[PDB]
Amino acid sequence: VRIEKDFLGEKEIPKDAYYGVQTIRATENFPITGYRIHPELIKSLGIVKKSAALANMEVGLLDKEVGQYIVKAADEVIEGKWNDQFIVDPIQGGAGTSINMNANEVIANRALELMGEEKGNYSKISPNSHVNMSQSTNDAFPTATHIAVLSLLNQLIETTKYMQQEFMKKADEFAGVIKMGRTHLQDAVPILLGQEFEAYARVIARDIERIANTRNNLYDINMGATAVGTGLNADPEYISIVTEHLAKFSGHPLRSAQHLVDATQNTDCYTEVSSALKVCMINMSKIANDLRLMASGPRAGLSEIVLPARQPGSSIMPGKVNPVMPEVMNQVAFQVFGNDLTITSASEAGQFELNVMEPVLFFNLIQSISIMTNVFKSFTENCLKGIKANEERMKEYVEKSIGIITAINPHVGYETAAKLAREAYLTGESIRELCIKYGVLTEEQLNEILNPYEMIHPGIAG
């Protein structure tokens, strides 16, 4: 057992635990979801605390003896050796003060334990006077988040660049596959499966550029802003030195905002990212819809493609294999949509020099980024790479179609092409047959026209 002085009374803390009274209070105040902050935020908090201790020792504001152990402690945190000590809820009041304190108390007691001391003795190492030195809950929390979101964002970018490329391999793999293009779900003119699959790769790439670009306004941190961001009593040399430590230790081109009051009360950089991730899932969701449509059947559906099986199929029903992968892609799209509304709401709920709604906002931003990376990973591996086509099925879909007339029209004139089209539609005979029966094009003269490639690309009539 143990006991720590809290204005709300003396509380007991497990002798094995590293969090202090403050964290417990947070646990009692906001027991909402039961979730634990993402390990990357934890890692980033470690980085933020380590970089601050350092700068503080350099400007000489932190005793070099204590601030020496604090570092090795923050490093252990960074290495992910204390993700269980962070028990506060992602959704909490206090605009993040509890997330800051949970880290301050864990880094403080470990630092105390490390230099042979009593964990609870905040006189030797104060999580609030040493660990949280030269920093406020309004600059440490956001900075750690910017770092977390940035690290996380890069991981998504690469997982999407991979997916996007695998989408191209399929575009070429099917670059010769001919089929029927549908507009309004109504049969139109011929199109190549590869043209649709490249279409997918192109929107995805466009998604990568947009997501990637949201990182810029995320690179500006407000470390050094005091409470309101006016830097009251803040050492300009601390700011310059800590900013650089964060950058090197976080591997990000971090920068110090030109205006701290602005970088303190505004949250537009967070929404910018959510908005990009939303646009990405909008597209991915649509692509996931086309995938389920082309996979429909096998008998009473479109049956254009075949997705690998990922979940056992009913025995009495051979052929029924649900596109479970593309489906889970649709659901993540919906989640991201929902998170973007939650994020939108938190952002505008900001008041004056501080937006206290940041905690629920960050929980969603980081969630979206996470779940997207994960579905992308498994969706491409467990579905995309192994997509096969039913060329034959689609080939004939083009034969029994009417739209194919557009290709033929130029070689027969509108007058006859229309007659051929109408009749074939009413009687049910392929347009190919009507050209021979009515004698207007020979079997050979027809294939030289029904050229899959030349038929799906712009060009003269010859």
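Heads up: residue numbers just count along the shown sequence, starting at 1.
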(message) Tell me which stretch has the larger mean Cα B-factor in this entry, 80 to 88 or 212 to 220.
(response) 80 to 88
(message) On mean Cα temperature factor in this entry, is 341 to 349 or 315 to 323 the higher one?
(response) 315 to 323
(request) Could you check 37, 426, 45, 435 and tell me which one carries the biggest Cα B-factor in the deposited entry? (result) 435
(message) Between 68, 406, 27, 401, which one tops the list for Cα B-factor in this entry?
(response) 68
(request) Tell me, lowest, middle or highest third: where does the Cα B factor of residue 416 rank within its chain? (result) highest
(request) Would you check the entry's CA temperature factor for residue 121 and let me know if it's in the chain's lowest, middle or highest third? (result) highest
(request) Sort the modelled residues of this chain by their C-alpha B factor and say whether residue 381 lands in the lowest, middle or highest third. (result) middle
(request) Please place residue 41 in the lowest, middle or highest third of its chain by C-alpha B factor as given in the entry. (result) lowest
(message) Considering every modelled residue of the chain and its Cα B-factor in the PDB entry, is residue 302 in the lowest, middle or highest third?
(response) middle
